[PDB]
Amino acid sequence: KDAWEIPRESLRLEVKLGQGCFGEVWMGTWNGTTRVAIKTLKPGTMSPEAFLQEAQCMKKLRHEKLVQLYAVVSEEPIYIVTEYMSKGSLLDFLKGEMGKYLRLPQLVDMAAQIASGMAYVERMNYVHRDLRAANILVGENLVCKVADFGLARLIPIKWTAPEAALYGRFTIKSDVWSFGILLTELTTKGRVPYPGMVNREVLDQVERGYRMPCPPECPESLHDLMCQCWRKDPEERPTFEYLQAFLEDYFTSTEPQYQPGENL
Ligand SMILES: COCCn1c(/C=C(\C#N)C(=O)NC(C)C)c(-c2ccc(Cl)cc2)c2c(N)ncnc21
């Protein structure tokens with residue numbers, strides 16, 4: 001009942017990319033020509049009428065830093081068809097070898113791009129609710145794109161903002177918090193934040209006012225930007241417009257005398 005509906009013969013499932021509770025994720029080919037990604041759904045872990053919403057946001061939303069939807073199959077088992085991102089998740093990309101050599105200025109440019117994606121999500125009055133390195137996809141030329149916004153609002157503790165973790169206040173300002181934590185993944189080669197702490201002690205420590213220290217060999221001005229992202233009051237945090245502009249211009253405006261180090 002929709003112009004995103006497609007018959008099942010167009011999609012050749014080729015290669016297996018990731019296991020999940022929702023279901024698998026494949027590479028494939030659409031109509032013989034195009035290389036495409038395919039998120040699937042295993043019958044007994046979610047209903048057909050429920051997974052309708054995963055791609056409702058994707059239907060309405062289009063921007064160069066948002067993984068693009070090509071197609072769906074609403075009849076169960078469901079398949080969602082998107083652009084294939086060659087280099088996989090951003091987290092896998094930073095941890096493994098291809099980013100052993102990534103220095104600050106490749107990282108800051110990635111951040112500027114994700115932030116472009118989110119400033120568009122801001123401008124359209126949506127919320128991601130789940131921004132972190134495992135949901136960013138890297139592409140050819142280190143193009144980064146904001147990915148799994150299934151259950152993205154129309155109005156995981158370590159990444160989540162506390163007012164959201166606790167009271168369910170899931171705003172665009174709780175995405176600036178996350179994004180601030182995403183800045184600490186980039187600059188530590190994709191480690192887990194709050195190292196040597198478990199989900200339980202995180203919430204307590206955060207509300208006491210413990211923010212993460214400046215990761216080794218990272219410019220002070222960037223660690224400051226992380227602390228603006230994690231201000232206690234939602235409204236004292238900056239927006240995806242100012243972040244985008246800040247990181248784009250970073251090396252001219254804010255760090256012109258920056259010198260490379262060992263890790264950044
Ligand atoms: C090998 O890890 C990259 C797998 N991957 C995925 C899958 C995930 C991501 N991120 C995911 O759910 N978790 C990972 C298994 C950890 C997608 C994808 C994203 C959104 C939709 Cl709607 C359809 C598929 C994807 C893509 N478009 N291109 C290349 N790789 C992709």
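Numbering of ligands and ligand atoms starts at 1, following listing order. Index from 1, following the sequence. These values consider heavy atoms only, across backbone and side chains, with no hydrogens, waters or symmetry-generated copies.
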Practice problem: Evaluate salt bridge (charged side-chain N to carboxylate O under 4.0 Å, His left out) for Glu14 paired with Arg35, printing each intermediate quantity in order. | Solution: CA-CA 10 Å; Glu14 293 193 5; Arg35 194 153 289 287; 3.3 Å; yes
Practice problem: Quick one: do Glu64 and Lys145 satisfy salt bridge (charged side-chain N to carboxylate O under 4.0 Å, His left out)? Show the steps, please. | Solution: CA-CA 8 Å; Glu64 66 172 282; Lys145 302 197 184 214; over 6 Å; no
Self-check item: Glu24/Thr40 under side chain to side chain donor-acceptor pair (under 3.5 Å): CA gap, chis, key distance, verdict
Solution: CA-CA 5 Å; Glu24 298 206 315; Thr40 70; 5.5 Å; no
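In summary, of the residues considered (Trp30, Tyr84, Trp26), a side chain to side chain contact (heavy atoms under 4.5 Å, CB included) with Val36 occurs for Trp30 alone.
Residue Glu83 places a heavy atom less than 4.0 Å from ligand 1. Taking 4.0 Å as the cut-off, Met58 counts as a neighbour of ligand 1 on heavy-atom distance.
Per-residue contacts place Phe22 under 4.0 angstrom from the following atoms of ligand 1 (heavy atoms of the residue considered): 12 (O). Listed by number with element, the atoms of ligand 1 under 4.0 Å from a non-hydrogen atom of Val25 are 5 (N), 6 (C), 7 (C), 17 (C), 24 (C).
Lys87 places no side-chain N or O within donor-acceptor distance of the main-chain N or O of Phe93, the cut-off being under 3.5 Å.
When all heavy atoms of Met226 and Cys218 are compared, the closest pair comes out as CE-SG, 4.4 Å. Residue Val73 comes nearest to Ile6 through the heavy atom pair CG2-O, 3.6 Å, listed as atom of the first residue, atom of the second, then distance.
For atom 23 (C) of ligand 1, the closest heavy atom belonging to the protein is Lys39 CB, 3.5 Å. The protein non-hydrogen atom at the shortest distance from atom 25 (C) of ligand 1 is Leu137 CD1, 3.7 Å. Residue, atom and distance of the protein heavy atom nearest to atom 29 (C) of ligand 1 are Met85 O, 3.3 Å.
Here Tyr126 and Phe149 keep their ring centres 6.0 angstrom or further from each other.
Distances between N or O atoms of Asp148 and those of ligand 1 include at least one value under 3.5 Å.
The heavy atom nearest to atom 10 (N) of ligand 1, considering only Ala133, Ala134, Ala37, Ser89, is found in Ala134. Closest heavy-atom approach to atom 27 (N) of ligand 1 within the set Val138, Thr82, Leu17: this belongs to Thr82.
Checking atom 14 (C) of ligand 1 against the protein gives no heavy-atom contact under 4.0 Å.
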